[PDB]
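# Per-entry structural report
The chain contents come next:
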Amino acid sequence: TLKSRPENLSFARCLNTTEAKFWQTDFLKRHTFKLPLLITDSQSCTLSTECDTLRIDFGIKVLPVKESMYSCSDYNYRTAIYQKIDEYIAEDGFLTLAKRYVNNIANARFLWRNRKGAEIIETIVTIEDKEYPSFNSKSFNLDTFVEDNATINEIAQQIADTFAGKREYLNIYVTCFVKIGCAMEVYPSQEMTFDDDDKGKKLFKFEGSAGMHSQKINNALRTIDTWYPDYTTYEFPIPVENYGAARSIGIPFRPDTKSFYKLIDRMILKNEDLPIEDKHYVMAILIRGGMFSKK
Amino acid sequence: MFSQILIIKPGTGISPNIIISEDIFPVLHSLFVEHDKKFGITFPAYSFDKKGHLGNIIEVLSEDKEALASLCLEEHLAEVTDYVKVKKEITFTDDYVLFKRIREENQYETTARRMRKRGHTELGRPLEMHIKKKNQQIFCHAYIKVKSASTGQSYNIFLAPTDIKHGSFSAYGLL
Amino acid sequence: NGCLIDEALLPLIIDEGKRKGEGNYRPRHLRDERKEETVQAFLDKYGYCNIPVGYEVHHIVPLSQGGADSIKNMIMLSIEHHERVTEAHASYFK
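Residues numbered from 1 in each chain as written, not as in the entry; some residues may be left out. Chains lettered and ligands numbered in written order. Part of a larger assembly, values for the part shown. Heavy atoms only, no water. Residues with missing side-chain atoms left out of burial classes, pairs and counts.

As recorded in the PDB entry, chain B goes by the name Cas6f, listed as coming from Selenomonas sp.. Its PDB title, taken directly from the record, is "Type I-FHNH Cascade-dsDNA intermediate complex".

Looking at the PDB entry, one finds chain A named Cas7f, with Selenomonas sp. as its source organism.

For the rest of this paragraph, the subject is the overall build of chain B. Within chain B, the secondary structure is distributed over six helices and eight strands. Along chain B, helices (α) and strands (β) appear in the sequence β-α-α-β-β-α-α-β-β-β-α-α-β-β when read from the amino end. If you line up chain B on its principal axes, its C-alpha atoms span 60 × 35 × 30 Å. Sequence-distant contacts, at least 24 apart, represent 67% of the contacts inside chain B between residues at least 6 apart. Accessible area of chain B: about 10,000 Å², with a carbon and sulfur share of 55%. (Helix = DSSP H or I, 4+ residues; strand = E, 2+ residues; numbered from the N terminus. Contact = heavy atoms within 4.5 Å. Areas by Shrake-Rupley, 256 points an atom, 1.4 Å probe, with all protein chains shown as cover.)

The next point concerns the packing of helix α2 (residues 95–106) of chain A against helix α3 (residues 150–164) of chain A. All names here are of chain A. At a minimum axis distance of 8 Å, the contact between α2 and α3 shows a crossing angle of 130 degrees. Classed by the angle they form, the pair α2 and α3 counts as oblique. α2 and α3 meet at a crossing whose hand is right-handed. Each of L95, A98, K99, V102, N103 and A106 in α2 lies in contact with α3, whose residues at this interface are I152, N153, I155, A156, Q157, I159 and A160. Residue composition of the contact of α2 with α3, grouped by class: nine nonpolar, three polar and one charged. (Axes fitted to C-alpha atoms, helices over the stretch in contact; angles between N-to-C directions. Parallel < 35°, antiparallel > 145°, perpendicular 65-115°, else oblique. Left-handed = near helix turned anticlockwise from the far one by under 90°. Nonpolar A, V, L, I, M, F, W, Y, C, P; charged D, E, K, R; others polar.)

Let's shift gears to the sheet that holds strand β8 (residues 154–162) of chain B. All names here are of chain B. The strand order β6-β8-β7 describes an open sheet built from three strands, whose pairing is antiparallel. Every interior strand has two partners, whereas the edge strands, β6 (98–102) and β7 (142–147), have only one. Neighbouring strand axes in the sheet, compared pairwise and without regard to direction, differ in orientation by 40 degrees on average. (Pairing = 2+ DSSP bridges.)

Attention shifts here to helix α2 (residues 25–34) of chain B. All names here are of chain B. Residues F25, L28, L31 and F32 constitute the buried set of α2. Along the axis of α2, the buried positions cluster into a sector of 130 degrees, meaning they face one direction only. Of the surrounding elements, those touching the buried residues of α2 are α1 (16–23), β2 (39–42), β3 (58–62), α3 (66–71), α4 (73–76) and β7. Just downstream of α2, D36 is the residue with a positive phi angle, here 40 degrees. (Buried < 20%, exposed > 50% of the residue type's maximum accessible area, 1.4 Å probe, protein only. Arc of directions from axis to C-beta.)

Residues and elements named next belong to chain B. Residues of β7 alternate between two faces, with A142, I144 and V146 buried on one and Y143, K145 and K147 left unburied on the opposite face. Both β7 and β8 contribute to a ladder of six bridges, which runs antiparallel. Opposite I144, over in β8, you have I157 as the bridge partner. Hairpin remark: β7 followed by β8, antiparallel, with six residues in the connecting loop; positive phi at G152, about 105 degrees.

Okay, the interface of chain C and chain B next. With ten residues of chain C at the contact, the number on the chain B side is eight residues. With both sides pooled, the region where chain C packs onto chain B buries about 860 Å², and carbon together with sulfur makes up 55% of that total. Broken down residue by residue, the surface that chain C buries against chain B is led by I5, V53 and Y55 of chain C, which jointly contribute 53%. Across the chain C-chain B interface, the total number found is one salt bridge. Among the ionic pairs, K50 of chain B bridges to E56 of chain C, the shortest N-O distance being 2.5 Å. (Buried area = accessible area lost by both parts, 1.4 Å probe. Salt bridge = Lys/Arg side-chain N within 4 Å of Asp/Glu carboxyl O.)

Looking at soluble globular proteins, one finds that nonpolar side chains tend to be buried together. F22, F94, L97, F110, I159, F163 and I172 of chain A are the most contacted members of the largest nonpolar core, which has 79 residues in total. Grouped together as the second largest cluster of nonpolar side chains are 34 residues, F39, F43, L68 and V86 of chain B included. (Core = buried A, V, L, I, M, F, W, Y, C linked by side-chain atoms within 4.5 Å.)

Moving on, we come to the packing of aromatic side chains. Residue and element names in this part refer to chain A. Applying the stated criterion across every chain, the model contains 23 aromatic pairs over all chains. Between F11 and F292, the ring centres sit 6.4 Å apart and the planes meet at 45 degrees, which makes this aromatic pair tilted. For the pair formed by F11 and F292, the shared burial category is buried. Among the aromatic residues, ring-to-ring pairing joins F11, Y243, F260, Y261 and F292 into one connected group. Over the aromatic face of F27 sits the side chain of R30, whose NZ or CZ is 4.2 Å from the ring centroid. (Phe/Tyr/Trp six-rings, centres within 6.5 Å; stacked < 30°, edge-to-face > 60°. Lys NZ or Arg CZ within 6 Å of the ring centre and 35° of its normal.)

The next subject is the state of the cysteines. By the definition in use, this model includes zero disulfides over all chains. With no disulfide partner, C140 of chain B has as its closest neighbouring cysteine sulfur the one in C3 of chain C, 12 Å distant. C3 of chain C provides the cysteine sulfur closest to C49 of chain C, a residue in no disulfide bond, and the two sulfurs are 14 Å apart. Relative accessible area serves as the criterion here: at 55%, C49 of chain C is assigned to the exposed category. (Disulfide = S-S within 2.5 Å.)

Time to look at the interface of chain B and chain A. It is common to give the size of an interface as the accessible area lost on bringing the parts into contact. Contacts between chain B and chain A engage ten residues on the former and ten residues on the latter. Across the chain B/chain A interface, buried area totals approximately 930 Å², and carbon plus sulfur atoms make up 63% of it. Of all residues in chain B, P10, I14 and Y83 of chain B give up the largest surface area on contact with chain A, accounting jointly for 42% of the area buried on that side. Taken together, the connections running from chain B to chain A amount to two salt bridges. Here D23 of chain B makes a salt bridge to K116 of chain A, at a shortest N to O gap of 3.1 Å. Where chain B packs against chain A, one counts three residue pairs in polar contact. Split by residue class, the side of chain B that touches chain A holds four nonpolar, two polar and four charged. (Polar contact = N/O pair within 3.5 Å; in protein donor to acceptor, adjacent residues only side chain to side chain.)

On to helix α6 (residues 260–269) of chain A. All names here are of chain A. Listing the buried residues of α6 in full gives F260, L263, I264, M267, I268 and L269. Its buried side turned inward, α6 meets α1 (75–91) and α7 (276–288). With a side-chain oxygen lying 3.3 Å from the backbone nitrogen of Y261, the N-terminal cap of α6 falls on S259. Of the residues trailing α6, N271 is marked for its positive phi of about 55 degrees.

This is the structure in structure tokens:
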């Protein structure tokens, strides 16, 4: 029997994302070479004349949920969280969330603006040694989740096993191929500049070349949350924040007892059973990680 | 006044203005010139507090119904279907608000060249002032970027609501 | 007719607001309270009823730094110049 959350409770993320990098190349000879693409000057970034493809390389590290809590100043709360997580493993097995994350990877949501107006999009997923067949991201929409692909099932199974208790680590390397066209414009990440003298646009330079932040790709992958109130009114997945917040509507979708804090109170403090949707949401929040401390 | 409603799907990251001015306005202009000047465009989301807020919803209006049927927006827009939503429920409405194009003013160089070509009175120091004041209004209105295929340049077409209900709108669908 | 119209006058106004409000920061209870009648009197004197489209009111010397709300310490100016002066003053003071 518990009364309140501890004065110092926090979690570490179970999905680490490496920063992106841009490598312009040609589609017809993509497995031959790759040329660097640099920021040219209000800065900008455009493909060279003799080039018609853009390639993005990044990686994801997956860690178990149980061994991913940083600080918790209550042994009783720690044991309660442990048994709740074990119950979720016994019931679900972290398979739905793994399928959703793999689906988010497969539809190439992380391209952001560069996804729009692309002739051909291809995504190849590389496990520790082996590789998986190429993904045609043009056939996957941003609204419905496919739970029938064999490769999606395999990668989701591996991710779920690394999540619950089976494996201690996983590393996934993702390469992309987008055929924008010859001498087009790409949109890397933008610096949040602090100097007040000039307010020109500043792009992201990673090892000389361009690329996106890890936070942008993490936010793109995190958008799987559909189990929120008034879903039929809106009908689009949103990212997983505490108070269901977003930026395309500017509305706190969970300003009430559907928020993560009330859910964790009704889950741990009162031991009240919850629907599988709330369990899915609270596991997604735990996977994302953050700081949850009492006042 | 038959109407057809298009929605920009929210949650895709891209701002609706880019989608409007990238693959909605040019194709709409193409079929507007192709179907000989019988359509108009309205934005049922305009709020005005400090700037243009064109918003999410767009609507195309026509006097006839068979004109909208022959427009066939379903197949022409069947490439960005994951970003826009088109409904095949053309009905009759009687609460529309029309929009008229307001005209900007050219910069120093073009106006100076036009003045030298014409009866140049060469009031160089305060001439720009006369245009800049006007621009200080036309720079706080809703606008759409467009790449002119015939001439080869790009501009910033502004628009604002009006109280008129009828008339020949434009080839652009605006008034 | 009382609007910041030319580019090459803004640094003078930023200077005037800069070299006059140093060491005068005061809390809200000591701040001079902005009133809705002073601005209306300003427009009515200057041949207006409502503020023109594309302009926002602005005090040359900020009220937060010992300024006063009156016809003297009041200028109408465009939005872009407004946030430019605002960010310059934020760069100086806070």
